[PDB]
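**Q** Below you'll find the structure I mean.
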Amino acid sequence: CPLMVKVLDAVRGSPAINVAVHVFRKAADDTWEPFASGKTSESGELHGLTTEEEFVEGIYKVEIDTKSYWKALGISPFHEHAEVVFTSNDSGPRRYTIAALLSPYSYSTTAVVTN
Amino acid sequence: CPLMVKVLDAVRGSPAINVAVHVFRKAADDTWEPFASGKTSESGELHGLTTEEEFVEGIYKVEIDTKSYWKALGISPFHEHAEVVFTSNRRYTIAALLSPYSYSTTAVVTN
Amino acid sequence: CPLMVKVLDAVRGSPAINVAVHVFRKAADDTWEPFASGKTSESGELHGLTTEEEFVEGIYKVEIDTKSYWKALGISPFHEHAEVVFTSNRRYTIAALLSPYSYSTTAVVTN
Amino acid sequence: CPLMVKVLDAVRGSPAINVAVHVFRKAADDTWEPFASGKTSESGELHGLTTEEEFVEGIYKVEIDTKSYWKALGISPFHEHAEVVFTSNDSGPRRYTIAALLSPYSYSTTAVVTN
Ligand SMILES: O=C(O)c1cc(-c2ccc(F)cc2F)ccc1O
Ligand SMILES: O=C(O)c1cc(-c2ccc(F)cc2F)ccc1O
Ligand SMILES: O=C(O)c1cc(-c2ccc(F)cc2F)ccc1O
């Protein structure tokens, strides 16, 4: 699988468990087409979103539902969600890990792109 | 004004200068309507995006055009942009820290 | 002055207020000699740590007392402090963003 | 092993490979005693630093040699290194992952403490 998503919690120092993640791909008319979704495991990781076959070059949006994560913990968050938007490229390395570190009023996201 | 945007370059340790920023507000038909736009100054700050009268309650999206920033500096980054989405109901400062394959964003909300 | 320290609270989305900061400078016998100290104001800023005359070349350590900050707010954090170590040879702004189990730190260096 | 260290590179979007990591523990006289060391693998991770037997409660410093990492890539860095200082606690969870995301003038560090 060429796309993995991992989410961590900076308040409790733990994986962010059961976080909904929605992936979209930009359609030719510039709207966002649903592409894949899931929820992070107990390790904070979401595997198996897609296959090499279906992960063609294009612009993708990964939406991490941070607001519902914080509310389910009883914590008031700022953002509606975390959005990661990128163009995949076949010339570059094969595997994309999208990682997000969450705080209630802040988040960081990084791409680890490897083979 | 009630909404300010600050952008820093983590590779250079400098303000991110000339960064375009587009603000959208979700419309009654839940599409993104253009709201305001501008670009950061030499301090990395974007002031005067809006007014207290116009910054009404709603769901806002601050799009920071990071890809155009890095490309103007001769670099091919990972992200298309950095999108900060929040509901407003007060001064908001939206801060972002940029690296070619990473960004961090924080909200500082005061009165 | 040539050295300023800014601290933000990522849980609250606010300046980190009353944060103690101790600056050290490596001595000729490579131990850490105390250099200056202070604490952040209501803006989360610490101005006036030193002067251009006293901020000579050297290896500096800015210790931000994050543990005491979180504990004063009733919270048990992970880190003892946040230590920023750098060589100087110009205004340095040392910025830190704090969560109970995480911190980020950036250097903004200008003239 | 109760202590793992992982390092990522935010400029290239990759693991930070071959980064020297030194761990110290505070001695009774308040000096830092060498405790363990290694270099990150090709996955950016450093396993096997210590055992449960030797990782007693105490104050530990993890020093990540970021400056040598950036210089070996030909990139001018700001910090001498990244320091993570914490008190381990036996009552809390069993495993400590110390993770650091590196940029030349910035770094982030987080603790993932699990079982
Ligand atoms: O920007 C981010 O998402 C980020 C991520 C990490 C991180 C990455 C991978 C991992 F297994 C653990 C981490 F803490 C550490 C710091 C950080 O800022
Ligand atoms: O999330 C962010 O936007 C962020 C911002 C800063 C930062 C903000 C303002 C400033 F003058 C200097 C900084 F390093 C530092 C770290 C960081 O993560
Ligand atoms: O590394 C940091 O210290 C850092 C700092 C900021 C930040 C700095 C200054 C400010 F006025 C607001 C901020 F969110 C935002 C993100 C960040 O990582």
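Residue names in the structure tokens use chain letters A, B, ... in the order shown, residue numbers from 1 in each chain, and ligand numbers from 1 in the order shown.
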If we count only C-alpha atoms and set the cut-off at 9 Å, which residues sit around residue 50 in chain B, ignoring sequence neighbours fewer than 3 positions away in its own chain? Please answer as a PyMOL selection string.
**A** chain B and resi 1-4+35-37+47+53-55
**Q** Might you pull out every residue within 6 Å of residue 80 in chain B, with only C-alpha atoms counted and same-chain residues fewer than 5 positions away left off, and present them as a ChimeraX atom specification?
**A** /A:85-86 /B:67
**Q** Write out the coordinates of chain B as a compact mmCIF listing (two decimals) with N, CA, C and O atoms, in the first residue's frame after a least-squares overlay onto chain C built on all ordered Cα pairs.
**A**
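Wrote it out as superposed_29.txt, contents follow:
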```txt
# COMPACT_ATOMS: atom_id res chain seq x y z
N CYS B 1 16.93 44.19 22.29
CA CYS B 1 18.23 43.64 22.62
C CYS B 1 18.43 42.47 21.66
O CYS B 1 17.50 42.10 20.97
N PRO B 2 19.64 41.90 21.58
CA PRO B 2 19.91 40.93 20.51
C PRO B 2 19.33 39.55 20.75
O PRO B 2 19.49 38.69 19.88
N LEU B 3 18.69 39.29 21.89
CA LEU B 3 18.18 37.95 22.18
C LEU B 3 16.80 38.09 22.77
O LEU B 3 16.63 38.74 23.81
N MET B 4 15.79 37.49 22.13
CA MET B 4 14.44 37.54 22.66
C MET B 4 13.85 36.14 22.61
O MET B 4 14.23 35.31 21.77
N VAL B 5 12.96 35.86 23.56
CA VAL B 5 12.38 34.54 23.75
C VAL B 5 10.86 34.69 23.77
O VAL B 5 10.32 35.53 24.50
N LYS B 6 10.18 33.89 22.94
CA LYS B 6 8.73 33.88 22.81
C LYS B 6 8.18 32.49 23.07
O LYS B 6 8.65 31.52 22.47
N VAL B 7 7.16 32.38 23.92
CA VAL B 7 6.62 31.08 24.26
C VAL B 7 5.11 31.10 24.10
O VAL B 7 4.45 32.02 24.59
N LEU B 8 4.57 30.06 23.44
CA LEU B 8 3.14 29.90 23.16
C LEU B 8 2.65 28.58 23.73
O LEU B 8 3.38 27.58 23.75
N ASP B 9 1.39 28.58 24.18
CA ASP B 9 0.69 27.42 24.72
C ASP B 9 -0.23 26.84 23.65
O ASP B 9 -1.20 27.48 23.26
N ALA B 10 0.08 25.62 23.17
CA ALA B 10 -0.64 24.94 22.10
C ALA B 10 -1.93 24.26 22.57
O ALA B 10 -2.73 23.86 21.73
N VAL B 11 -2.12 24.12 23.88
CA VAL B 11 -3.35 23.58 24.43
C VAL B 11 -4.41 24.66 24.50
O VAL B 11 -5.58 24.42 24.24
N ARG B 12 -3.99 25.86 24.86
CA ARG B 12 -4.86 26.99 25.09
C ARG B 12 -4.96 27.89 23.87
O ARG B 12 -5.95 28.61 23.73
N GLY B 13 -3.96 27.85 22.99
CA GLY B 13 -3.91 28.83 21.93
C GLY B 13 -3.72 30.22 22.49
O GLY B 13 -4.48 31.15 22.18
N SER B 14 -2.74 30.37 23.37
CA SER B 14 -2.49 31.63 24.03
C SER B 14 -0.98 31.78 24.24
O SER B 14 -0.24 30.80 24.14
N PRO B 15 -0.52 32.99 24.49
CA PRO B 15 0.85 33.14 24.98
C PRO B 15 1.02 32.34 26.26
O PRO B 15 0.10 32.21 27.07
N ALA B 16 2.22 31.75 26.42
CA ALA B 16 2.61 31.09 27.67
C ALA B 16 3.18 32.15 28.62
O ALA B 16 4.25 32.72 28.39
N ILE B 17 2.47 32.39 29.69
CA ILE B 17 2.67 33.56 30.54
C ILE B 17 3.49 33.11 31.75
O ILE B 17 3.31 31.99 32.23
N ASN B 18 4.41 33.95 32.23
CA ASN B 18 5.15 33.64 33.46
C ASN B 18 6.06 32.41 33.31
O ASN B 18 6.26 31.65 34.26
N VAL B 19 6.60 32.18 32.11
CA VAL B 19 7.50 31.07 31.87
C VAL B 19 8.93 31.50 32.22
O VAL B 19 9.46 32.43 31.61
N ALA B 20 9.55 30.81 33.17
CA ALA B 20 10.94 31.12 33.53
C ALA B 20 11.89 30.64 32.44
O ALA B 20 11.70 29.56 31.87
N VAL B 21 12.93 31.43 32.18
CA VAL B 21 13.92 31.15 31.14
C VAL B 21 15.30 31.46 31.70
O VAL B 21 15.53 32.55 32.21
N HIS B 22 16.20 30.50 31.61
CA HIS B 22 17.58 30.65 32.06
C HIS B 22 18.47 30.46 30.86
O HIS B 22 18.29 29.49 30.11
N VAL B 23 19.38 31.39 30.65
CA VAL B 23 20.33 31.35 29.54
C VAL B 23 21.69 31.01 30.12
O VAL B 23 22.10 31.60 31.12
N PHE B 24 22.38 30.07 29.50
CA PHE B 24 23.74 29.73 29.90
C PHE B 24 24.68 29.92 28.72
O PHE B 24 24.26 29.90 27.56
N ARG B 25 25.96 30.12 29.02
CA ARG B 25 27.00 30.25 28.01
C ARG B 25 28.16 29.33 28.38
O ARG B 25 28.62 29.32 29.53
N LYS B 26 28.63 28.54 27.41
CA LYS B 26 29.71 27.61 27.71
C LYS B 26 30.99 28.37 28.02
O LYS B 26 31.38 29.28 27.28
N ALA B 27 31.61 28.03 29.14
CA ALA B 27 32.80 28.69 29.65
C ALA B 27 34.04 28.10 29.01
O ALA B 27 33.98 27.09 28.29
N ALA B 28 35.18 28.75 29.28
CA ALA B 28 36.46 28.34 28.71
C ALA B 28 36.81 26.91 29.10
O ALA B 28 37.51 26.21 28.36
N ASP B 29 36.35 26.46 30.27
CA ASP B 29 36.50 25.10 30.74
C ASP B 29 35.30 24.22 30.39
O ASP B 29 34.98 23.29 31.14
N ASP B 30 34.61 24.55 29.29
CA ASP B 30 33.43 23.88 28.74
C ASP B 30 32.38 23.40 29.76
O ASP B 30 31.71 22.38 29.53
N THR B 31 32.18 24.15 30.84
CA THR B 31 30.98 24.00 31.66
C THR B 31 29.98 25.09 31.29
O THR B 31 30.31 26.05 30.59
N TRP B 32 28.75 24.93 31.77
CA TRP B 32 27.70 25.91 31.49
C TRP B 32 27.73 26.97 32.60
O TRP B 32 27.41 26.67 33.75
N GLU B 33 28.12 28.19 32.24
CA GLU B 33 28.08 29.34 33.13
C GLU B 33 26.76 30.09 32.98
O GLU B 33 26.29 30.31 31.86
N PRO B 34 26.14 30.47 34.11
CA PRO B 34 24.91 31.25 34.04
C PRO B 34 25.14 32.56 33.30
O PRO B 34 26.19 33.19 33.44
N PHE B 35 24.18 32.94 32.48
CA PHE B 35 24.38 34.12 31.65
C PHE B 35 23.31 35.18 31.87
O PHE B 35 23.63 36.35 32.06
N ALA B 36 22.05 34.79 31.84
CA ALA B 36 20.95 35.72 32.07
C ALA B 36 19.70 34.89 32.33
O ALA B 36 19.64 33.71 31.98
N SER B 37 18.70 35.52 32.94
CA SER B 37 17.45 34.81 33.12
C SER B 37 16.32 35.82 33.25
O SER B 37 16.54 37.01 33.48
N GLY B 38 15.09 35.32 33.08
CA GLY B 38 13.90 36.14 33.20
C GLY B 38 12.67 35.27 33.03
O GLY B 38 12.74 34.04 33.09
N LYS B 39 11.53 35.92 32.82
CA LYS B 39 10.32 35.16 32.59
C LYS B 39 9.39 35.91 31.64
O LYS B 39 9.45 37.14 31.54
N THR B 40 8.57 35.15 30.93
CA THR B 40 7.76 35.74 29.87
C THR B 40 6.68 36.62 30.47
O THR B 40 6.21 36.39 31.58
N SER B 41 6.29 37.63 29.70
CA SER B 41 5.25 38.55 30.11
C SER B 41 3.89 38.02 29.67
O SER B 41 3.74 36.86 29.26
N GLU B 42 2.87 38.88 29.75
CA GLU B 42 1.52 38.53 29.30
C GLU B 42 1.45 38.27 27.81
O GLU B 42 0.53 37.60 27.35
N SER B 43 2.39 38.82 27.04
CA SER B 43 2.44 38.53 25.61
C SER B 43 3.18 37.24 25.31
O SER B 43 3.28 36.86 24.15
N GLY B 44 3.72 36.57 26.33
CA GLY B 44 4.55 35.41 26.09
C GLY B 44 5.95 35.73 25.64
O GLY B 44 6.68 34.82 25.24
N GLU B 45 6.35 37.00 25.75
CA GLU B 45 7.66 37.46 25.32
C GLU B 45 8.54 37.77 26.52
O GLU B 45 8.07 38.22 27.57
N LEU B 46 9.84 37.54 26.32
CA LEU B 46 10.87 37.84 27.31
C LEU B 46 11.87 38.76 26.63
O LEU B 46 12.67 38.32 25.79
N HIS B 47 11.81 40.05 26.94
CA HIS B 47 12.70 41.06 26.39
C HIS B 47 13.77 41.42 27.42
O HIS B 47 13.61 41.16 28.62
N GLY B 48 14.86 42.02 26.95
CA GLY B 48 15.85 42.57 27.86
C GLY B 48 16.70 41.55 28.59
O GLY B 48 17.23 41.86 29.65
N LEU B 49 16.84 40.35 28.04
CA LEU B 49 17.69 39.36 28.70
C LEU B 49 19.12 39.85 28.79
O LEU B 49 19.80 39.62 29.80
N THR B 50 19.61 40.52 27.75
CA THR B 50 21.03 40.87 27.66
C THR B 50 21.19 42.13 26.82
O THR B 50 20.21 42.75 26.40
N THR B 51 22.44 42.52 26.59
CA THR B 51 22.77 43.68 25.79
C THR B 51 23.69 43.25 24.66
O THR B 51 24.34 42.21 24.73
N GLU B 52 23.74 44.07 23.62
CA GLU B 52 24.66 43.79 22.52
C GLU B 52 26.10 43.65 23.03
O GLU B 52 26.84 42.78 22.56
N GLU B 53 26.49 44.46 24.01
CA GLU B 53 27.86 44.40 24.51
C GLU B 53 28.14 43.08 25.22
O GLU B 53 29.24 42.53 25.10
N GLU B 54 27.17 42.56 25.96
CA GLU B 54 27.41 41.36 26.74
C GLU B 54 27.17 40.07 25.97
O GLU B 54 27.75 39.03 26.32
N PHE B 55 26.35 40.10 24.91
CA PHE B 55 26.03 38.91 24.11
C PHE B 55 27.15 38.66 23.10
O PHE B 55 27.00 38.83 21.90
N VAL B 56 28.31 38.24 23.63
CA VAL B 56 29.49 37.99 22.81
C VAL B 56 29.37 36.64 22.11
O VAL B 56 28.46 35.86 22.40
N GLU B 57 30.28 36.38 21.17
CA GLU B 57 30.35 35.07 20.54
C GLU B 57 30.41 33.98 21.59
O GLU B 57 30.94 34.18 22.68
N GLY B 58 29.84 32.83 21.28
CA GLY B 58 29.94 31.70 22.18
C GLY B 58 28.84 30.70 21.92
O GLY B 58 28.02 30.86 21.02
N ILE B 59 28.84 29.66 22.75
CA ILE B 59 27.86 28.59 22.65
C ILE B 59 26.87 28.81 23.79
O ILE B 59 27.26 28.85 24.96
N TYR B 60 25.59 28.97 23.45
CA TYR B 60 24.57 29.37 24.41
C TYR B 60 23.56 28.26 24.58
O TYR B 60 23.30 27.48 23.65
N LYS B 61 22.97 28.21 25.76
CA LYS B 61 21.86 27.30 26.02
C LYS B 61 20.73 28.11 26.62
O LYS B 61 20.90 28.75 27.66
N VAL B 62 19.58 28.12 25.95
CA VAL B 62 18.36 28.73 26.45
C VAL B 62 17.51 27.61 27.03
O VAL B 62 16.99 26.76 26.30
N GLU B 63 17.36 27.59 28.36
CA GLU B 63 16.53 26.61 29.04
C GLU B 63 15.19 27.25 29.36
O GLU B 63 15.12 28.22 30.13
N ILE B 64 14.13 26.70 28.79
CA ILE B 64 12.78 27.16 29.03
C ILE B 64 12.15 26.20 30.02
O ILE B 64 12.02 25.00 29.74
N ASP B 65 11.74 26.71 31.18
CA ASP B 65 11.31 25.86 32.28
C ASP B 65 9.85 25.42 32.08
O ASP B 65 8.93 25.83 32.78
N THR B 66 9.67 24.52 31.12
CA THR B 66 8.32 24.10 30.75
C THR B 66 7.63 23.32 31.87
O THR B 66 6.43 23.48 32.09
N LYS B 67 8.38 22.45 32.57
CA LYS B 67 7.78 21.64 33.62
C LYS B 67 7.15 22.53 34.69
O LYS B 67 5.99 22.32 35.09
N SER B 68 7.89 23.56 35.15
CA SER B 68 7.32 24.46 36.15
C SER B 68 6.12 25.21 35.61
O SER B 68 5.19 25.51 36.36
N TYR B 69 6.12 25.53 34.31
CA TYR B 69 4.97 26.19 33.70
C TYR B 69 3.72 25.31 33.77
O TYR B 69 2.65 25.77 34.19
N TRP B 70 3.83 24.06 33.32
CA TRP B 70 2.66 23.19 33.29
C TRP B 70 2.19 22.87 34.70
O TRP B 70 0.98 22.83 34.96
N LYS B 71 3.12 22.66 35.62
CA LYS B 71 2.74 22.31 36.98
C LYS B 71 2.03 23.47 37.67
O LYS B 71 1.09 23.25 38.44
N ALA B 72 2.46 24.70 37.40
CA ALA B 72 1.77 25.85 37.97
C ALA B 72 0.34 25.94 37.47
O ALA B 72 -0.50 26.56 38.13
N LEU B 73 0.04 25.33 36.33
CA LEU B 73 -1.31 25.28 35.79
C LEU B 73 -2.04 24.00 36.17
O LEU B 73 -3.12 23.72 35.63
N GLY B 74 -1.46 23.19 37.06
CA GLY B 74 -2.12 21.99 37.53
C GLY B 74 -1.95 20.76 36.67
O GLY B 74 -2.74 19.82 36.80
N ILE B 75 -0.92 20.72 35.81
CA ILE B 75 -0.72 19.66 34.83
C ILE B 75 0.66 19.04 35.00
O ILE B 75 1.65 19.75 35.23
N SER B 76 0.74 17.72 34.83
CA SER B 76 1.96 16.94 34.96
C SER B 76 2.54 16.66 33.57
O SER B 76 2.08 15.74 32.89
N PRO B 77 3.56 17.42 33.12
CA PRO B 77 4.03 17.25 31.74
C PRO B 77 5.15 16.22 31.64
O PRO B 77 5.64 15.74 32.66
N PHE B 78 5.60 15.94 30.41
CA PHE B 78 6.64 14.95 30.16
C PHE B 78 8.03 15.52 30.38
O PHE B 78 8.87 14.91 31.05
N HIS B 79 8.31 16.69 29.79
CA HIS B 79 9.66 17.23 29.75
C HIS B 79 10.00 17.96 31.03
O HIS B 79 9.15 18.61 31.65
N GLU B 80 11.28 17.88 31.41
CA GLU B 80 11.82 18.71 32.48
C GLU B 80 11.90 20.17 32.04
O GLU B 80 11.52 21.08 32.78
N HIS B 81 12.42 20.40 30.84
CA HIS B 81 12.43 21.74 30.27
C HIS B 81 12.62 21.60 28.77
O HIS B 81 12.62 20.50 28.22
N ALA B 82 12.71 22.74 28.09
CA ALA B 82 13.03 22.77 26.67
C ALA B 82 14.34 23.52 26.52
O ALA B 82 14.42 24.70 26.88
N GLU B 83 15.36 22.83 26.01
CA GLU B 83 16.72 23.35 25.93
C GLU B 83 17.07 23.62 24.48
O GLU B 83 17.02 22.71 23.64
N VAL B 84 17.43 24.87 24.18
CA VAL B 84 17.84 25.28 22.84
C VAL B 84 19.31 25.66 22.89
O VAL B 84 19.68 26.63 23.56
N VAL B 85 20.15 24.92 22.16
CA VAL B 85 21.59 25.11 22.21
C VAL B 85 22.09 25.52 20.84
O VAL B 85 21.87 24.81 19.85
N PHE B 86 22.81 26.64 20.79
CA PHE B 86 23.28 27.16 19.53
C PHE B 86 24.55 27.97 19.74
O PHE B 86 24.79 28.52 20.82
N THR B 87 25.33 28.06 18.67
CA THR B 87 26.50 28.93 18.59
C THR B 87 26.11 30.25 17.96
O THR B 87 25.39 30.28 16.96
N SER B 88 26.59 31.35 18.55
CA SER B 88 26.40 32.67 17.96
C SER B 88 27.72 33.20 17.43
O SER B 88 28.78 32.93 18.00
N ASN B 89 27.64 33.97 16.34
CA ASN B 89 28.78 34.71 15.80
C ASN B 89 28.38 36.15 15.47
O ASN B 89 29.22 37.05 15.42
N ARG B 90 22.85 41.48 14.77
CA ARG B 90 22.01 40.29 14.62
C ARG B 90 21.06 40.10 15.80
O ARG B 90 21.49 40.08 16.96
N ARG B 91 19.76 39.95 15.51
CA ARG B 91 18.75 39.64 16.51
C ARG B 91 18.37 38.16 16.40
O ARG B 91 18.04 37.67 15.32
N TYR B 92 18.40 37.48 17.54
CA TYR B 92 17.91 36.12 17.65
C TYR B 92 16.58 36.16 18.38
O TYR B 92 16.49 36.73 19.47
N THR B 93 15.57 35.55 17.79
CA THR B 93 14.32 35.28 18.49
C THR B 93 14.23 33.77 18.65
O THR B 93 14.25 33.04 17.64
N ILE B 94 14.16 33.30 19.89
CA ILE B 94 13.99 31.88 20.16
C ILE B 94 12.51 31.68 20.49
O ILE B 94 12.03 32.18 21.52
N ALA B 95 11.79 30.98 19.63
CA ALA B 95 10.37 30.72 19.82
C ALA B 95 10.16 29.26 20.21
O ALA B 95 10.82 28.37 19.67
N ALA B 96 9.24 29.03 21.14
CA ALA B 96 8.86 27.68 21.55
C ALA B 96 7.35 27.56 21.65
O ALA B 96 6.67 28.48 22.13
N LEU B 97 6.84 26.41 21.23
CA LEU B 97 5.41 26.11 21.27
C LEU B 97 5.25 24.87 22.14
O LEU B 97 5.86 23.84 21.86
N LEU B 98 4.42 24.97 23.18
CA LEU B 98 4.40 23.96 24.24
C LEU B 98 3.08 23.19 24.29
O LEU B 98 2.00 23.80 24.29
N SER B 99 3.19 21.86 24.37
CA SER B 99 2.14 20.92 24.74
C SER B 99 2.68 20.05 25.86
O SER B 99 3.89 20.01 26.09
N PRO B 100 1.81 19.38 26.61
CA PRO B 100 2.31 18.63 27.77
C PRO B 100 3.31 17.54 27.43
O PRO B 100 4.22 17.31 28.24
N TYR B 101 3.20 16.87 26.27
CA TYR B 101 4.15 15.82 25.90
C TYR B 101 4.97 16.17 24.66
O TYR B 101 5.57 15.28 24.05
N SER B 102 4.98 17.44 24.26
CA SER B 102 5.64 17.85 23.03
C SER B 102 6.07 19.31 23.15
O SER B 102 5.41 20.11 23.82
N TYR B 103 7.16 19.65 22.47
CA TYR B 103 7.42 21.06 22.19
C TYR B 103 8.10 21.20 20.84
O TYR B 103 8.75 20.27 20.34
N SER B 104 7.92 22.37 20.24
CA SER B 104 8.57 22.78 19.01
C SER B 104 9.36 24.03 19.32
O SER B 104 8.95 24.84 20.16
N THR B 105 10.50 24.19 18.66
CA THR B 105 11.26 25.40 18.88
C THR B 105 11.84 25.85 17.56
O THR B 105 12.25 25.03 16.73
N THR B 106 11.83 27.16 17.34
CA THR B 106 12.34 27.74 16.12
C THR B 106 13.24 28.91 16.45
O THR B 106 13.08 29.58 17.47
N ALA B 107 14.21 29.16 15.58
CA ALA B 107 15.07 30.32 15.69
C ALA B 107 14.78 31.25 14.53
O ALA B 107 14.77 30.81 13.37
N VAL B 108 14.53 32.52 14.83
CA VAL B 108 14.36 33.54 13.80
C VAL B 108 15.52 34.50 13.96
O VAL B 108 15.65 35.16 14.99
N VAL B 109 16.39 34.55 12.96
CA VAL B 109 17.63 35.32 13.06
C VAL B 109 17.60 36.38 11.97
O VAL B 109 17.49 36.04 10.78
N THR B 110 17.67 37.64 12.37
CA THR B 110 17.59 38.79 11.46
C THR B 110 18.65 39.80 11.88
O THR B 110 19.50 39.53 12.72
N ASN B 111 18.58 40.99 11.28
CA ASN B 111 19.53 42.08 11.58
C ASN B 111 18.82 43.31 12.16
O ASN B 111 19.40 44.39 12.27
```
**Q** Write out as a PyMOL selection string each polymer residue (protein, DNA or RNA) that has an atom no more than 7 Å from ligand 1, with only C-alpha atoms and all ligand atoms counted.
**A** (chain A and resi 8+99-101+108-110) or (chain B and resi 102-104) or (chain D and resi 6+8+99-101+108-112)
**Q** Kindly save the residues from that selection, with N, CA, C and O atoms included, as a short mmCIF file (atom, residue, chain, number, x, y, z; two decimals), in the first residue's frame.
**A**
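That gives us part27.cif:
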```cif
data_model
loop_
_atom_site.label_atom_id
_atom_site.label_comp_id
_atom_site.auth_asym_id
_atom_site.auth_seq_id
_atom_site.Cartn_x
_atom_site.Cartn_y
_atom_site.Cartn_z
N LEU A 8 -0.58 11.29 16.07
CA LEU A 8 -0.15 11.25 17.46
C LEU A 8 -0.81 12.36 18.27
O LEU A 8 -1.17 13.41 17.74
N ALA A 99 2.06 12.02 8.40
CA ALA A 99 2.05 11.97 9.86
C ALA A 99 1.59 13.30 10.41
O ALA A 99 1.98 14.37 9.92
N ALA A 100 0.78 13.25 11.46
CA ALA A 100 0.23 14.45 12.05
C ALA A 100 0.37 14.35 13.56
O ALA A 100 0.01 13.33 14.14
N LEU A 101 0.90 15.40 14.17
CA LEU A 101 1.00 15.55 15.62
C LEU A 101 -0.03 16.59 16.05
O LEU A 101 0.01 17.72 15.59
N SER A 108 0.95 19.74 13.56
CA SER A 108 2.06 19.61 12.63
C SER A 108 1.78 18.44 11.72
O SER A 108 1.20 17.44 12.15
N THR A 109 2.18 18.57 10.46
CA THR A 109 2.09 17.43 9.56
C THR A 109 3.35 17.35 8.71
O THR A 109 3.90 18.38 8.30
N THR A 110 3.80 16.12 8.46
CA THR A 110 5.00 15.88 7.67
C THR A 110 4.75 14.70 6.75
O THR A 110 3.93 13.83 7.04
N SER B 102 7.03 19.63 5.39
CA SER B 102 6.35 19.71 6.67
C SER B 102 5.82 21.12 6.88
O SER B 102 6.40 22.09 6.40
N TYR B 103 4.71 21.22 7.61
CA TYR B 103 4.34 22.51 8.18
C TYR B 103 3.67 22.29 9.53
O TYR B 103 3.09 21.23 9.80
N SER B 104 3.77 23.31 10.37
CA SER B 104 3.09 23.39 11.65
C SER B 104 2.21 24.62 11.62
O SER B 104 2.55 25.62 10.98
N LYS D 6 13.33 8.04 17.42
CA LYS D 6 13.06 8.12 16.00
C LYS D 6 13.23 9.56 15.54
O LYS D 6 12.79 10.49 16.22
N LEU D 8 13.10 12.25 12.07
CA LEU D 8 12.67 12.49 10.69
C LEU D 8 13.23 13.80 10.16
O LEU D 8 13.52 14.73 10.91
N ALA D 99 10.48 11.08 19.68
CA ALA D 99 10.48 11.35 18.25
C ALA D 99 10.83 12.81 18.01
O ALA D 99 10.37 13.70 18.72
N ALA D 100 11.64 13.04 16.98
CA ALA D 100 12.09 14.38 16.67
C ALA D 100 11.95 14.61 15.18
O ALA D 100 12.38 13.77 14.39
N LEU D 101 11.33 15.72 14.81
CA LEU D 101 11.22 16.18 13.43
C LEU D 101 12.16 17.36 13.24
O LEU D 101 12.03 18.36 13.95
N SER D 108 10.97 19.81 16.36
CA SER D 108 9.87 19.40 17.23
C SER D 108 10.25 18.08 17.87
O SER D 108 10.90 17.23 17.23
N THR D 109 9.85 17.89 19.12
CA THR D 109 10.03 16.60 19.74
C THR D 109 8.80 16.23 20.55
O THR D 109 8.17 17.10 21.17
N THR D 110 8.44 14.95 20.51
CA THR D 110 7.26 14.46 21.22
C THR D 110 7.61 13.12 21.86
O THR D 110 8.49 12.39 21.40
N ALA D 111 6.91 12.82 22.95
CA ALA D 111 7.02 11.53 23.62
C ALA D 111 5.76 10.74 23.34
O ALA D 111 4.65 11.26 23.53
N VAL D 112 5.92 9.51 22.88
CA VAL D 112 4.83 8.56 22.78
C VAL D 112 5.09 7.51 23.83
O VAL D 112 6.07 6.76 23.74
#
```
**Q** If you run DSSP on this backbone, which residues of chain B come out as alpha helix (DSSP H), and could you give them as a count of residues only?
**A** 7
**Q** List every residue of chain D that has an atom at most 12 Å from any atom of chain C, giving for each one its closest atom pair and the distance in Å to one decimal, counting only C-alpha atoms, sorted by chain and then by ascending residue number, as a tab-separated table.
**A**
```
residue	atom	partner	partner_atom	distance
D:31	CA	C:31	CA	10.8
D:32	CA	C:31	CA	11.8
D:58	CA	C:80	CA	11.4
D:59	CA	C:80	CA	8.4
D:60	CA	C:80	CA	9.4
D:61	CA	C:80	CA	9.5
D:62	CA	C:83	CA	11.2
D:63	CA	C:83	CA	10.4
D:64	CA	C:85	CA	11.5
D:65	CA	C:85	CA	11.1
D:66	CA	C:85	CA	10.8
D:67	CA	C:86	CA	9.6
D:77	CA	C:86	CA	9.4
D:78	CA	C:86	CA	6.3
D:79	CA	C:86	CA	4.6
D:80	CA	C:86	CA	5.1
D:81	CA	C:85	CA	6.6
D:82	CA	C:84	CA	7.2
D:83	CA	C:83	CA	6.1
D:84	CA	C:79	CA	7.1
D:85	CA	C:80	CA	5.5
D:86	CA	C:79	CA	4.6
D:87	CA	C:80	CA	7.0
D:88	CA	C:78	CA	8.7
D:89	CA	C:78	CA	10.0
D:92	CA	C:78	CA	10.9
D:96	CA	C:78	CA	10.7
D:97	CA	C:101	CA	11.2
D:98	CA	C:102	CA	9.8
D:99	CA	C:102	CA	9.4
D:100	CA	C:104	CA	9.4
D:101	CA	C:104	CA	9.0
D:102	CA	C:104	CA	10.0
D:103	CA	C:106	CA	9.0
D:104	CA	C:106	CA	9.3
D:105	CA	C:107	CA	5.6
D:106	CA	C:106	CA	4.3
D:107	CA	C:105	CA	5.7
D:108	CA	C:104	CA	4.0
D:109	CA	C:102	CA	5.6
D:110	CA	C:102	CA	4.2
D:111	CA	C:101	CA	5.6
D:112	CA	C:101	CA	7.9
D:113	CA	C:101	CA	9.2
```
